[PDB]
Amino acid sequence: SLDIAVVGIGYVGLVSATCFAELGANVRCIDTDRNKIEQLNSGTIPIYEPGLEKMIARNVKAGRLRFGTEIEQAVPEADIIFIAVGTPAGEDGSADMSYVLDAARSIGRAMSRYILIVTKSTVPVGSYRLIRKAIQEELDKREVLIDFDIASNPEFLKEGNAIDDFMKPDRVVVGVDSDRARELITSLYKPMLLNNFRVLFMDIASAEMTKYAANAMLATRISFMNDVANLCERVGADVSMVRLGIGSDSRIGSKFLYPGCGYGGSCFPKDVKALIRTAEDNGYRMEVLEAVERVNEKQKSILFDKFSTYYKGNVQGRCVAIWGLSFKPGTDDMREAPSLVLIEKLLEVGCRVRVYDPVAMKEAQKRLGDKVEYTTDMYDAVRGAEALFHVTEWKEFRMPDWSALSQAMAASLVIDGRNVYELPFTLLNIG
Amino acid sequence: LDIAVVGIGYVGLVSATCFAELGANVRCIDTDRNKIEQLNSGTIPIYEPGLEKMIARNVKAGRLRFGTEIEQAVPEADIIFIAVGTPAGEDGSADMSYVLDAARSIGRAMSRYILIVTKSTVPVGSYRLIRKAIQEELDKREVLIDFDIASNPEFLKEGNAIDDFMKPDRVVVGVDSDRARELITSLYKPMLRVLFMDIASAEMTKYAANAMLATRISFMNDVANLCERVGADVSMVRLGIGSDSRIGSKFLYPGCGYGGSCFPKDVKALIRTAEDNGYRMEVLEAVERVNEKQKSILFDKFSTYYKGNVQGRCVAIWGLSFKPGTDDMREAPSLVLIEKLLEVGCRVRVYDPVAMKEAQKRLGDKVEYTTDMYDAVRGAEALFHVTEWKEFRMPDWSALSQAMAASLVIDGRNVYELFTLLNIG
Amino acid sequence: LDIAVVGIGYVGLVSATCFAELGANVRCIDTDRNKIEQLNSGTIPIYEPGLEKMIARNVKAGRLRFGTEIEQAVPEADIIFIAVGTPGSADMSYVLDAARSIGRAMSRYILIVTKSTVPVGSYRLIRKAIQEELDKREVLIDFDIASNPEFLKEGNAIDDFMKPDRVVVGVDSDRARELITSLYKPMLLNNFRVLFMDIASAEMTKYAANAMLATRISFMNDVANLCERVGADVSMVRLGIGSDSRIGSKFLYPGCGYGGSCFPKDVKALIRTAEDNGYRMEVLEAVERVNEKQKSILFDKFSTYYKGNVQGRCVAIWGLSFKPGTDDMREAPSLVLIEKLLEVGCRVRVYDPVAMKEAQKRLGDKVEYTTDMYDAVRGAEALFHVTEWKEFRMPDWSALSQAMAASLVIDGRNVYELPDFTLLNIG
Amino acid sequence: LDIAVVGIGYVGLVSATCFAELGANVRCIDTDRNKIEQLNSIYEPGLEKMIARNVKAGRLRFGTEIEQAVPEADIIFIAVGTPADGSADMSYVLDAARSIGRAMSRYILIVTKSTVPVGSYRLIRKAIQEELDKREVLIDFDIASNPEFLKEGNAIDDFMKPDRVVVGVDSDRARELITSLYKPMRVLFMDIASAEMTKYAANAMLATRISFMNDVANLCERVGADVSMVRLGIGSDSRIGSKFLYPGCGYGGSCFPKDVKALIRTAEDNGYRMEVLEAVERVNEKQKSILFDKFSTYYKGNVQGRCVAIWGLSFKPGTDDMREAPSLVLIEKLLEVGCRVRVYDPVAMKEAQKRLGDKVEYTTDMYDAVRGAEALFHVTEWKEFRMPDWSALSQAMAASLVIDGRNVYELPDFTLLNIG
Ligand SMILES: O=C(O)[C@H]1O[C@H](OP(=O)(O)OP(=O)(O)OC[C@H]2O[C@@H](n3ccc(=O)[nH]c3=O)[C@H](O)[C@@H]2O)[C@H](O)[C@@H](O)[C@@H]1O
Ligand SMILES: O=C(O)[C@H]1O[C@H](OP(=O)(O)OP(=O)(O)OC[C@H]2O[C@@H](n3ccc(=O)[nH]c3=O)[C@H](O)[C@@H]2O)[C@H](O)[C@@H](O)[C@@H]1O
Ligand SMILES: O=C(O)[C@H]1O[C@H](OP(=O)(O)OP(=O)(O)OC[C@H]2O[C@@H](n3ccc(=O)[nH]c3=O)[C@H](O)[C@@H]2O)[C@H](O)[C@@H](O)[C@@H]1O
Ligand SMILES: O=C(O)[C@H]1O[C@H](OP(=O)(O)OP(=O)(O)OC[C@H]2O[C@@H](n3ccc(=O)[nH]c3=O)[C@H](O)[C@@H]2O)[C@H](O)[C@@H](O)[C@@H]1O
Ligand SMILES: O=C(O)[C@H]1O[C@H](OP(=O)(O)OP(=O)(O)OC[C@H]2O[C@@H](n3ccc(=O)[nH]c3=O)[C@H](O)[C@@H]2O)[C@H](O)[C@@H](O)[C@@H]1O
Ligand SMILES: O=C(O)[C@H]1O[C@H](OP(=O)(O)OP(=O)(O)OC[C@H]2O[C@@H](n3ccc(=O)[nH]c3=O)[C@H](O)[C@@H]2O)[C@H](O)[C@@H](O)[C@@H]1O
């Protein structure tokens with residue numbers, strides 16, 4: 001088989017460790033957070049990633065998945081170790097490499113024999129050199145002579161579809177600088193990729209850049225379509241028709257062209273900013289990406305502007321309802337969510353904000369406390385509301401009872417940030 | 001069906017010819033007597049593979065005829081297509097004079113119901129101006145004749161237009177009446193993926209499509225330029241991101257920029273449309289800026305290589321057209337490179353298998369026109385590969401090195417693996 | 001919309017639950033009162049990925065309710081789906097029973113949509129059955145009938161339903177088209193890929209799609225079996241042909257045959273429909289012959305390897321369900337293997353992550369049920385890998401070698417490449 | 001690279017010409033001096049003009065002597081025909097192999113692009129080696145398989161923009177050399193036998209789809225379903241795909257009929273019966289009788305002396321090729337029962353005359369064909385037939401009956417019969 005260690009319990013580490021176990025590997029998944037580690041082991045933590053809770057539980061029961069807090073205990077047990085720790089934005093916008101290098105030093109401190117270290121974390125081009133050096137310095141301090149290889153294997157799964165994205169990926173990208181790493185990685189993924197061995201091998205630097213360019217291009221599709229939607233509004237065109245009209249060109253493709261109230265999540269904002277910053281360090285300005293960022297920042301302001309413009313600037317103190325708080329459907333994650341930008345402005349003007357999300361309300365309460373009203377379901381939310389904002393397109397919002405909404409609301413006004421509705425109400429949307 | 005098509009650029013000529021191929025009776029019209037004259041004698045006014053032969057058989061069969069008079073075509077036609085150019089106007093706006101000219105001729109000549117379909121790339125809302133122009137001529141003549149207007153944008157590439165027309169990824173049609181919808185359906189159904197929408201949305205679709213493709217290129221050019229500074233391989237990065245089905249693997253090639261008669265003008269026109277409406281298209285303006293800078297990269301590589309010492313050097317250029325498979329040199333990256341080489345007093349030898357006459361019209365005696373690729377490099381201290389014509393793909397490196405004064409190749413299209421080779425990313 | 005769905009099989013349960021997840025009010029009906037109680041309470045095990053949790057949340061939210069009386073749900077429904085069983089002649093009694101019940105309860109216009117796989121022309125009998133009940137009641141009420149076959153596969157049912165390649169709908173009225181459009185438009189955010197056709201063509205499409213899938217498989221099994229004899233690699237062949245965009249890369253995997261109720265049922269249904277009309281489906285008859293023979297291949301390789309002397313040998317089987325992700329063993333290749341093993345007197349140890357309770361219902365004490373994949377192989381002289389559950393993918397071969405009496409693996413799904421073992425596979 | 005290509009059918013001529021267009025120095029060889037004289041001075045879009053520019057530019061040359069081309073080439077392609085006991089005729093391929101062996105002066109890579117049965121590469125090596133042996137010379141060489149996937153009449157596009165390139169090799173030297181050839185122009189490397197099998201399996205799968213759809217169409221007719229709607233309904237499943245699902249009056253051409261048969265024969269020689277393919281073949285043979293039978297049934301068996309018209313003779317649009325054409329089965333049966341047959345094809349009429357002589361009347365255009373016709377058969381879906389003037393047809397015909405073997409027409413007076 002393989003013995004695999006994974007460092008990190010973010011989506012990436014948790015999903016990857018769990019899926020490798022599901023595939024028959026013996027896996028140890030490690031993190032510094034002892035509380036969460038014990039809860040993952042016990043099955044006492046709410047998990048909203050579809051299928052993940054049961055997949056963890058079955059692989060723990062089967063004895064193929066174990067959770068721990070000590071990298072130094074896992075290293076001598078593993079044939080391959082994946083660094084899948086966070087790379088959040090640093091104070092100046094560059095990728096914060098502190099957690100990645102902490103893991104690398106721990107690996108070097110505990111190494112007992114040859115091991116392959118694979119960096120799955122999103123790390124700037126050249127990072128593999130810093131990781132290698134950190135590991136080697138620890139071996140030197142120890143005065144030991146132990147062989148190892150490093151590789152890059154960025155992850156491309158999205159929150160909300162993580163297991164399917166991991167188990168049936170469009171491709172797997174792998175940066176290597178050795179035959180040994182290529183062989184070991186081939187043998188790891190060959191049994192998984194039954195349709196076609198679609199592992200793309202390349203040099204390490206190129207694999208690291210690939211992750212940045214991918215997320216940057218996705219963000220660019222979205223900001224591009226946002227600018228087009230906003231223009232459509234002024235000239236009397238229908239952006240959903242335009243989307244169909246251009247996505248049908250096979251050179252463009254039909255996915256990730258949805259305009260709306262912006263992209264959120266931790267990843268696109270942090271990764272676009274880090275790539276911009278890597279470029280600046282090298283004397284280069286990334287003008288397309290700078291524009292994509294500016295557009296997205298403005299787009300997160302539009303829902304409030306629609307609401308205030310409908311009411312001709314008279315919105316102080318009104319009651320409103322919001323459907324959707326998470327940054328996208330299928331998660332409790334609210335990092336960089338457009339909902340928070342809307343909420344913050346609504347609070348500045350003293351609105352009474354009633355919120356509902358099928359999963360993210362505990363996270364919302366962690367962020368907002370008593371500043372908003374938490375409601376039991378979508379219909380409870382709209383009681384007495386003078387506007388309804390549809391911000392995150394969870395499936396339960398898709399087919400509302402408009403009659404019931406109209407009876408419950410103070411004013412029959414819906415502002416759709418995700419362009420899902422057609423009325424049988426005044427409906428405002430993007431484009 | 002009896003169809004008229006106005007215009008004999010690739011859009012009008014290819015659509016007219018293909019409609020005839022499919023069994024329609026087609027009259028294709030233009031104001032240029034000389035070009036029509038050549039078409040009547042079996043010579044095409046454009047460089048389009050397979051076209052002259054397709055015309056020949058369809059003229060012989062009696063399904064295709066050419067003319068210079070809209071007013072004689074109109075009374076015979078069930079549907080007339082406006083497919084004339086909409087080049088950049090003086091202020092970057094789409095020049096609508098040719099389109100409205102055609103619209104007015106149609107209104108002068110109309111005798112009964114006709115559907116007018118605009119295939120020309122026209123700004124959103126142009127259908128309203130076109131209807132008004134037609135109505136005004138009907139009003140002058142004091143006649144009472146209904147008509148419909150539709151948008152059917154073109155997605156053809158010069159040089160591969162027949163294949164693009166005959167096997168399209170989709171057909172986009174903007175209509176505002178059932179009668180127009182039924183009539184266009186009956187035209188396309190014996191060919192075929194048909195997207196019906198309102199007229200404004202069809203007009204916008206054409207600009208948005210062209211703008212997204214330009215966007216892909218400028219995006220990849222910024223990535224390529226960064227790759228160079230950080231030691232990543234942009235060919236591997238292209239493979240790595242294009243393999244995601246959300247992005248796709250086509251139209252991701254970095255190089256020395258985009259040119260032609262379509263992207264620069266359509267991107268400009270869309271940015272201007274925005275400005276007229278008090279909106280700034282931020283992504284597109286940045287896409288435009290990146291592309292303008294990218295057309296300077298080849299010369300800058302050359303100059304940096306010779307450490308700024310370039311005066312009086314002989315150089316050779318492979319490729320002059322803005323892309324392979326055409327004589328078209330509008331906004332070509334080659335012209336930006338040549339302009340700069342000339343400014344610093346380089347001796348410039350050029351070869352293109354198709355575009356040399358067009359180059360000669362543009363440059364006169366300023367560059368040396370050579371007979372073949374190997375003839376171009378004789379005595380050269382730099383070879384620039386600017387346009388990726390197929391014949392340039394497998395060069396004899398011995399034959400080159402022993403003919404050139406210096407074995408330097410600066411590849412603006414990332415086709416070559418080995419001389420010193422400079423490339424993009 | 002207020003929607004009713006009759007039937008609590010894969011198709012009925014998944015459609016009902018997904019419609020409620022999308023915000024509709026849904027009543028889901030079946031005669032089985034015990035199972036209906038367990039569905040409302042969230043107390044029946046469900047191995048369809050995601051389904052148990054989605055049912056529970058929609059029940060709790062009040063969008064999904066299970067019941068036993070169709071006649072209760074009809075006056076409250078805008079659309080009613082018939083998704084009951086139609087178990088090579090089709091038993092239509094369940095569909096027509098539902099149709100009659102609808103006719104007895106109808107108070108106003110309703111659209112009746114048949115999602116069950118039914119013979120071509122069934123819509124005419126369904127309309128006639130409903131009308132008889134209206135006539136008997138002396139009521140004059142208009143209604144429409146439609147066909148909306150289901151294309152989901154077991155093990156991926158929710159994703160298949162929520163993000164389908166297409167939705168096929170047979171209709172004969174604008175009112176029905178408009179109503180069906182209003183149901184699906186909100187779901188299909190990427191593009192509206194509802195294909196409207198006449199009702200008979202929608203019925204035929206369901207059988208023809210499944211029959212084409214079966215045809216690809218039997219085609220590749222004949223190619224794999226030839227590959228063994230001429231020294232070609234069928235995995236390289238699959239890549240070689242699947243890369244032609246006119247062919248495509250999906251459902252080309254040769255193996256120990258196709259199972260499940262659906263492919264055999266639907267291939268046979270077309271064969272029989274042809275015979276009923278003086279025709280013969282020659283390609284499909286061959287596809288079925290090839291599949292029958294393919295289900296003997298694993299045993300034949302085992303016997304040949306031991307030169308026909310196999311009585312009294314212990315063997316182990318990994319995988320019992322007809323495919324991974326279900327407990328469903330209907331027409332499973334595992335059962336054909338097990339039968340032949342028992343017919344020659346081999347001792348059979350079995351393991352499947354999910355299907356062992358079903359296997360015990362089917363086999364009783366005929367085979368030994370084991371606790372995990374490694375327990376299964378203890379003392380075995382051959383290991384058959386029949387159903388490619390993921391936990392089987394990366395085995396500890398040394399452990400297998402130590403536990404087994406002989407290191408022989410016979411792989412009916414072409415997943416393994418050896419790192420001491422002998423590996424036999426298909427092509 | 002210096003490349004030689006042996007064979008001047010569309011496979012060899014297109015491959016040779018496309019290699020030259022891409023900058024290679026190419027010598028293209030055939031045994032027929034007049035065809036080579038013509039070329040230095042087939043029906044295929046764009047190929048005439050591509051040959052001309054590459055001959056002028058001195059990258060493409062035609063010759064009759066393999067012997068002269070071999071010591072000049074880095075890579076030689078065998079691209080001669082393997083026409084149909086039913087097994088593949090290997091005589092042309094082996095002739096080329098022996099000539100290469102007779103001429104070799106140094107290491108060369110021999111690439112077989114001809115469609116050849118699994119294991120043929122062994123015979124090819126043996127043939128070349130025996131010649132080297134006869135000469136008592138010690139020269140190493142490699143052999144590879146590189147099957148072609150070109151469709152007649154869309155061949156340049158198929159070559160230049162292929163879905164994939166398939167290469168069977170048994171040496172790293174061959175792999176590097178072939179990689180160096182294609183990279184400047186998605187390449188699947190495998191062992192040689194798997195490459196040879198891939199070609200047969202691909203064509204057999206395409207045939208299978210057709211016969212599958214023809215059985216479904218014929219059934220649709222009997223149960224009141226519309227096979228065009230069924231085609232859209234099943235091809236929209238991404239597992240199936242929407243291309244190459246068109247029922248009609250059968251597949252023809254040289255390729256599918258002979259390759260299906262050859263594969264069936266390879267299997268028999270190996271003690272295996274390909275039951276799916278044998279059924280596919282049977283269905284297609286019967287399908288080519290469907291048009292005539294629809295005509296005879298329509299007229300209640302009383303057909304002697306009636307005049308009929310046929311639109312389309314070639315096995316498919318875009319070619320003059322009539323090998324195994326459904327039109328020939330239709331015409332032969334029409335002549336048997338004493339019908340008078342008028343034909344029109346925009347390209348294939350000279351080929352038809354070679355096969356039919358004076359047995360049919362050749363006409364000038366689609367309208368001339370239907371004059372006094374009591375049935376019009378649409379057999380090959382050439383584009384000029386797509387928007388007929390149905391009034392004009394009505395007036396010219398003796399009876400307004402159209403029998404469509406390609407399901408292209410919907411009527412706007414006429415009776416239309418079609419397949420499914
Ligand atoms: O680096 C990462 O970990 C991941 O980041 C993203 O995944 P994620 O941010 O979880 O989710 P997405 O589905 O990309 O959504 C991002 C945001 O874009 C928005 N969005 C998405 C698509 C669209 O067309 N329009 C649009 O506004 C979403 O609603 C959401 O707010 C990428 O999609 C993953 O490939 C990548 O692996
Ligand atoms: O390349 C990959 O990543 C995927 O390849 C296949 O996925 P796919 O070809 O999309 O097929 P599925 O939709 O997962 O399964 C469809 C049918 O094919 C069958 N199948 C799949 C794989 C295989 O090797 N043999 C085989 O018969 C399954 O049993 C099932 O009935 C595998 O089934 C997945 O485990 C894997 O994630
Ligand atoms: O509006 C039009 O009539 C046409 O404009 C373009 O066609 P065209 O400009 O002829 O040619 P492209 O192949 O799109 O090339 C445009 C430019 O981009 C460059 N390019 C193209 C692709 C690429 O990946 N990278 C890149 O630098 C080309 O070399 C060329 O300079 C579009 O591709 C057509 O879909 C459209 O119909
Ligand atoms: O009519 C139905 O209810 C369903 O029947 C099948 O779904 P199902 O039988 O549940 O599952 P499949 O994944 O199609 O598996 C069928 C069998 O084929 C086998 N298989 C599948 C794919 C393959 O390439 N090779 C192969 O042997 C599988 O292992 C399994 O035994 C169809 O795939 C669905 O589209 C259809 O809706
Ligand atoms: O047409 C359909 O059946 C599918 O269309 C979309 O699916 P898809 O375009 O494949 O996108 P997903 O993978 O579901 O989502 C990708 C990203 O796009 C975003 N998205 C999706 C839909 C939308 O309207 N707007 C939008 O921004 C999501 O928030 C997510 O971040 C819907 O999101 C699916 O729920 C639906 O089943
Ligand atoms: O071996 C070869 O050289 C070629 O054989 C065929 O090409 P070809 O026979 O020239 O033409 P096809 O377009 O495949 O048509 C074959 C026959 O099938 C019929 N056909 C095709 C497609 C269809 O859906 N239905 C159908 O009846 C056509 O009318 C024609 O009679 C294959 O398509 C090529 O990929 C292959 O390279």
Side-chain angles (χ1 to χ4, degrees), chain A residues 249 251, chain B residues 10-11 121 154-159 164 206 209-210 213-214 216-217 220-221 250-263 266 322-324 326 328 332-333 387-388 413, chain C residues 10-11 117 149-156 160 206 209-210 213-214 216-217 220-221 244 246 250-263 266 322-324 326 328 332-333 387-388 413, chain D residues 10-11 115 148-153 158 199 202-203 206-207 209-210 213-214 237 239 243-256 259 315-317 319 321 325-326 380-381 406:
Chain A
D249 184 332
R251 293 174 293 175
Chain B
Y10 63 103
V11 175
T121 294
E154 60 86 23
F155 303 108
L156 305 187
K157 288 176 312 283
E158 267 190 305
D164 283 349
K206 173 63 189 183
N210 266 14
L213 304 161
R216 285 174 76 94
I217 295 164
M220 286 300 302
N221 282 334
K250 290 192 268 191
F251 238 81
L252 279 188
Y253 297 104
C256 52
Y258 63 83
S261 322
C262 301
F263 292 175
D266 294 343
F322 79 90
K323 75 174 279 186
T326 189
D328 187 1
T387 303
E388 75 290 353
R413 297 298 171 190
Chain C
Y10 276 90
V11 173
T117 302
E150 186 43 48
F151 299 113
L152 62 87
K153 64 194 87 60
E154 287 188 30
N156 204 47
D160 281 354
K206 173 58 181 169
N210 269 2
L213 297 170
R216 292 167 77 87
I217 296 163
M220 289 294 305
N221 282 325
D244 180 335
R246 291 174 298 178
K250 308 177 181 205
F251 272 60
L252 288 186
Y253 299 106
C256 58
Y258 59 82
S261 59
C262 296
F263 287 178
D266 295 355
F322 82 90
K323 63 176 288 187
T326 180
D328 190 353
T387 300
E388 74 282 4
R413 299 296 176 192
Chain D
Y10 70 100
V11 177
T115 298
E148 198 78 85
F149 301 106
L150 310 179
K151 283 171 259 95
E152 214 161 14
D158 280 347
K199 177 66 185 164
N203 274 3
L206 300 166
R209 292 171 69 89
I210 297 167
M213 290 298 304
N214 284 331
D237 185 333
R239 294 173 294 170
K243 288 142 85 186
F244 235 85
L245 274 191
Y246 294 112
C249 55
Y251 59 82
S254 18
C255 304
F256 290 172
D259 290 344
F315 77 94
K316 73 175 293 199
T319 185
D321 196 346
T380 303
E381 70 287 4
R406 299 288 174 202

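Below, all heavy atoms of this structure are taken into account, side chains as well, without hydrogens, waters or symmetry copies. Counting starts at 1 for both ligands and their atoms, in listed order. Order of the sequence lines sets the chain letters (A, B, ...), proteins ahead of strands, with each chain counted from 1.
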side-chain contact (heavy atoms from CB on, under 4.5 Å) evaluation trace for D/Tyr251 with D/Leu206
CA-CA 10 Å; D/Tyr251 59 82; D/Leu206 300 166; over 6 Å; no
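- Looking at B/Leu252 against ligand 3, only its backbone comes within 4.0 Å, counting heavy atoms.
- Between C/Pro149 and C/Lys206, the shortest heavy-atom distance links the atoms CB-CB, 3.6 Å.
- Below 4.0 Å from some heavy atom of B/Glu158 lie the following atoms of ligand 3, by number and element: 10 (O).
- Residue contacts with ligand 3: B/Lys157 is placed with no nitrogen or oxygen under 3.5 Å of a nitrogen or oxygen of the ligand (distance criterion only).
- Considering every non-hydrogen atom in both C/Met220 and C/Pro254, the closest pair reads O-CB, 3.7 Å.
- Counting only heavy atoms of the protein, atom 26 (C) of ligand 6 lies nearest to D/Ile210 CD1, 3.5 Å.
- Not a single heavy atom of B/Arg216 sits closer than 4.0 Å to an atom of ligand 3.
- Atom CG of residue B/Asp266 and atom OG1 of residue B/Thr121 lie 5.0 Å apart, to the nearest 0.5 angstrom.
- Using a 4.0 Å heavy-atom cutoff, C/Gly255 is absent from the residues neighbouring ligand 4.
- Polar contact check, C/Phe263 against ligand 4: no nitrogen or oxygen pair lies under 3.5 Å apart.
- Nearest non-hydrogen protein atom to atom 9 (O) of ligand 4 is C/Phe322 CE1, 3.5 Å.
- Taking every non-hydrogen atom of C/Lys206 and a distance limit under 4.0 Å, the qualifying atoms of ligand 4 come out as 1 (O), 2 (C), 36 (C), 37 (O).
- Rounding to the nearest 0.5 Å gives a distance of 5.0 Å between CZ of D/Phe256 and CG of D/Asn203.
- In D/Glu148, the part holding a heavy atom less than 4.0 Å from any atom of ligand 6 is the backbone.
- At under 3.5 Å, not a single nitrogen or oxygen of C/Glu388, backbone or side chain, sits near a nitrogen or oxygen of ligand 4.
- Residue C/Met220 places every heavy atom at 4.0 Å or more from ligand 4.
- Although no hydrogens or angles enter the test, the distance criterion places a donor-acceptor pair under 3.5 Å between the side chain of C/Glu150 and the main chain of C/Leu152.
- At the top of the distance list for atom 24 (O) of ligand 6, counting protein heavy atoms only, stands D/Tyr246 N, 2.9 Å.
- Across all their heavy atoms, D/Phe315 and D/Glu152 have their closest contact at CE2-OE1, 3.4 Å.
- Annotation: atom 3 (O) of ligand 6 to nearest protein heavy atom, D/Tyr10 OH, 2.6 Å.
- Short contacts between ligand 3 and B/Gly257, defined as distances under 4.0 Å to a heavy atom of the residue, involve ligand atoms 27 (O).
- Residue-ligand proximity, D/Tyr251 to ligand 6, at heavy-atom distances under 4.0 Å covers atoms 17 (C), 18 (O), 19 (C), 31 (O).
- Closest to atom 27 (O) of ligand 4, if we only count protein heavy atoms, is C/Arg413 NH1, 3.2 Å.
- Proximity of B/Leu156 to ligand 3, defined as any heavy-atom pair under 4.0 Å, is confined to the backbone N, CA, C and O atoms.
- Of the N and O atoms on the side chains of B/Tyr10 and B/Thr326, not one donor lies less than 3.5 Å from an acceptor on the other residue.
- Of the listed options B/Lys323, A/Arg251, B/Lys250, B/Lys323 places a heavy atom closest to atom 13 (O) of ligand 3.
- Judged by distance alone, with hydrogens and angles left aside, the side-chain atoms of C/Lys323 form no donor-acceptor pair with the main-chain N or O of C/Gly259 at under 3.5 Å.
- Counting only distance, with no hydrogens or angles, the side chain of D/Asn214 and the backbone of D/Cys249 share no donor-acceptor pair below 3.5 Å.
- Rounding to the nearest 0.5 Å places CZ of D/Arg239 at 5.0 Å from NZ of C/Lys153.
- For the pair D/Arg209 and D/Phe244, the cation-pi criterion (under 6.0 Å, within 45° of the ring axis) is not fulfilled.
- For ligand 4, the polar-atom distance check finds an N/O of C/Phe151 within less than 3.5 Å of one of the ligand's N/O atoms.
- For atom 17 (C) of ligand 4, the closest non-hydrogen atom of the protein is C/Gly259 O, 3.5 Å.
- Surrounding OH of D/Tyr246 are at most 12 heavy atoms belonging to other residues, nucleotides or ligands under 6.0 Å away.
- Ranking the protein heavy atoms by distance from atom 5 (O) of ligand 3 puts B/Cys262 CB, 3.3 Å first.
- Judged by distance alone, the side chains of B/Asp328 and B/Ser261 do bring a donor and an acceptor atom under 3.5 Å apart.
- The shortest contact between atom 14 (O) of ligand 3 and any protein heavy atom is with B/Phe251 CZ, 3.1 Å.
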